[PDB]
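As C-alpha cells, the structure follows; a few thoughts come after it.
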Amino acid sequence: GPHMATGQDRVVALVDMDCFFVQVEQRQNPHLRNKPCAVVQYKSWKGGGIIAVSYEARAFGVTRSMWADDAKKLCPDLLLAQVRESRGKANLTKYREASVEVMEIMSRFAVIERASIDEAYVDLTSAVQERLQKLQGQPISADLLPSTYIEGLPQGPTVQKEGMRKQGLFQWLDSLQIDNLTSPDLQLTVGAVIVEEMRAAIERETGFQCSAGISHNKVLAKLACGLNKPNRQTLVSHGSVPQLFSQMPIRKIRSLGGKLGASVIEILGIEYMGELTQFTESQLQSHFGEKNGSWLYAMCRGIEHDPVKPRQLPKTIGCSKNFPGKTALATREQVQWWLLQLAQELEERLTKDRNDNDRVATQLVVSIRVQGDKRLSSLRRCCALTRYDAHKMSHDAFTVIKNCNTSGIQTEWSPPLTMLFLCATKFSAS
DNA sequence: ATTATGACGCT
DNA sequence: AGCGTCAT
Ligand SMILES: Nc1nc2c(ncn2[C@H]2C[C@H](O)[C@@H](COP(=O)(O)NP(=O)(O)OP(=O)(O)O)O2)c(=O)[nH]1
Ligand SMILES: [Mn+2]
Ligand SMILES: [Mn+2]
C-alpha cells in the first residue's frame, strides 16, 4: 500500500514533429501547403518510395513505405516533393538542419534527449517545481491548455471534437487539488502548460507544428503523443492507465512491436497490455528474461524508469545506400566508386559536425549486404578513423571488406553487393 | 525493389 | 568486437 511506489516521481514529455519532412518541404514551397502531399526518395522505380505523408494525403490511404505510383492511384491529386540527390544517393541534409532548429528551441526549456530526427524527450520535473512555486497555489485556467487532451475524459454524465476536448479538460481541472505542490496530477498539468509554451515557440520560430505527450515516463509520453495527432498534445495520467491499457494491443507499446511482443502474445495467450498485470514478476522474467520481465511487470502498471538522457546530438553519423536487384555492385571499380561517394558525404557531414559541436569521431564502421542474404547487414567491420579524408576512409573501408569477394577474378565482385554503409562512431571532445 | 538511417541489447 | 532487434 503506502510503500508501493507508483512511478509518479517525474514529469516527462515527448515532442514529435507532425509529418516532418513534408512540413520542411511545405515551408520552403508554399504551393504545397494544406494539400495532400508526400515526400519521396528517388523516382525511376515505381515513382519513388514515400517516407512522409501529410494528414490530408493520409485521409486517402497514402502511407509511408508506399510507392508513389500506387499512392497516385489512391489520390490522383497527391503532390510530391523529392529528397535531394547528391553523389548518386539520397541526401537528407535539409531535414537534419531543420531538426537542429527545433532541438535548439526545445533546449531553451529543458535539457532534451534527441530520440530521432524529429522527436525529443524532455524531463520537466524541475521546471514544473519552479512554475508551481511561481503559481503560489493559483489554479490552472483552461485557457493555458488550448490544445491539450486529457486521456480518458470526459467520462460519465458533445457532438463536436473541440467540444469533447474542452469537456474532458474541464472535468480534469475541476478535479485538481492545487494546494498540494506534490500532487502528481497537478505536476503533469503544469508540465502540459510548459509544453503548450514549448510548442508555441517551435511554431512561431520555425513554422513547424508538432504534437506532444505528457506523462510520468518516456513510454507513456510517447504513447500519449500519438493519441491526438496532429497539432495537439495529450496528458496521460497514472490513473488513466488501467482503462487505457485494458484494450491496448501489446504491439502499440514502444519495443513490443516485433518478435518479443509476438512471444508475449503467444506464450501467455493474451492480447492487451492490461492482461500482463495478472502475472508475477518472476513469471514474466522466466519467459522473457530478467530485464524484459522486470520491464514488462512495471510497464503494464504504467511504471518505467528509463531516464531522459542529456543528449541533443546524434551519437553516430552514417551514410548508407542499397543497390537492389540488377543494380547490385559486381565489379571492384563499382564498389570502390560507391565507397568513395559515401565517404565524401561522410567527410562533409563529419567536418561540419566537428565545427559545430567540438568533437571528433574515432572509429569507422563498414557494413555490407551481399546478394541472397535477407539480413540487414551481412557483415560489419570496424577500423580506425584518424583523418576526416574521404579517400582514406574509402580505401580503409575497402581494405576491411575486400576479403568478402569470393571471386577469383581481381576485377569482378561476387557475390554482388546489395548495400554499403559507412558509420562514424566513438566521438571524443576536440 | 522500400530506403536511409539511428539507438541499443546480447555475447 | 561483431551480430541481432526495433524503429520508421
Ligand atoms: N530516410 C528515411 N526517412 C524516414 C523513414 N521513415 C521516416 N522517415 C523520416 C520522414 C519523417 O517525416 C521523419 C519523422 O518520422 P515520423 O515521426 O515517424 N513520421 P512523421 O513526422 O512524418 O509523421 P507523424 O506526424 O505521424 O509523426 O522521419 C525511412 O524509412 N527512411
Ligand atoms: Mn513526426
Ligand atoms: Mn518521430
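We use all heavy atoms of the structure for the numbers below, so side chains are in, but hydrogens, waters and symmetry mates are not. The sequence lines fix the lettering, A, B, ..., with proteins before strands; numbering per chain opens at 1.
- Between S147(A) and the choices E196(A), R232(A), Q209(A), the side-chain hydrogen bond (donor to acceptor under 3.5 Å, both in side chains) rule is met once, by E196(A).
- Taking 4.0 Å as the cut-off between side-chain N and carboxylate O, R27(A) and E101(A) count as a salt-bridged pair.
- A donor N or O paired with an acceptor N or O is found under 3.5 Å between the base of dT2(B) and the side-chain atoms of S65(A).
- Rounded to whole Å, the distance from CE on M419(A) to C1' on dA4(B) is 11 Å.
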Base-contact (B) and sugar-phosphate-only (S) positions in nucleotides 6-11 of chain B, heavy-atom cut-off under 4.0 Å, - elsewhere = SSSS--
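- Checking the phosphate oxygens (OP1, OP2) of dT2(B), a side-chain nitrogen or oxygen of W67(A) falls inside 4.0 Å.
- The residue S116(A) sits apart from the nucleic acid: no heavy atom pair falls under 4.0 Å.
- In this structure, CG of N322(A) is placed 6 Å from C1' of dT3(B), rounded to the nearest angstrom.
- Remark: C1' of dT3(B) and CZ of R84(A) are 18 Å apart, rounded to the nearest angstrom.
- Regarding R64(A), its CZ atom lies at a distance of 4 Å from the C1' atom of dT8(C), rounded to whole Å.
- At the heavy-atom level, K321(A) lies under 4.0 Å from the strands shown only through sugar-phosphate atoms.
- Spacing between atom NZ of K89(A) and atom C1' of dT3(B) amounts to 10 Å, rounded to whole angstrom units.
- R254(A) has no carboxylate O lying under 4.0 Å from a charged side-chain N of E304(A), or vice versa, which leaves the two without a salt bridge.
- One side chain, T148(A) or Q233(A), offers a donor N or O that lies under 3.5 Å from an acceptor on the other.
- Comparing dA4(B), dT8(C), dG4(C) by their nearest atom to the side chain of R375(A) picks out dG4(C).
- Residues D70(A) and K73(A) are paired through a salt bridge, judged by an N-O separation under 4.0 Å between the basic side chain and the carboxylate.
- Put simply, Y42(A) has a side-chain N or O that comes within less than 4.0 Å of OP1 or OP2 on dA4(B).
- Checking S237(A) against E151(A) by side-chain atom types alone, no donor-acceptor pair falls below 3.5 Å.
- Spacing of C1' atoms, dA7(C) relative to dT2(B), comes out at 14 Å, to the nearest Å.
- Rounded to whole angstrom, the span from the CG atom of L342(A) across to the P atom of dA4(B) amounts to 9 Å.
- Rounded to an integer number of Å, the gap from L260(A) CG to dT5(C) P is 11 Å.
- Of the inter-residue distances, the one linking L256(A) atom CG with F288(A) atom CZ reads 9.5 Å to the nearest 0.5 angstrom.
- The distance from atom CD1 of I50(A) to atom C1' of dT2(B) is 11 Å, rounded to the nearest whole Å.
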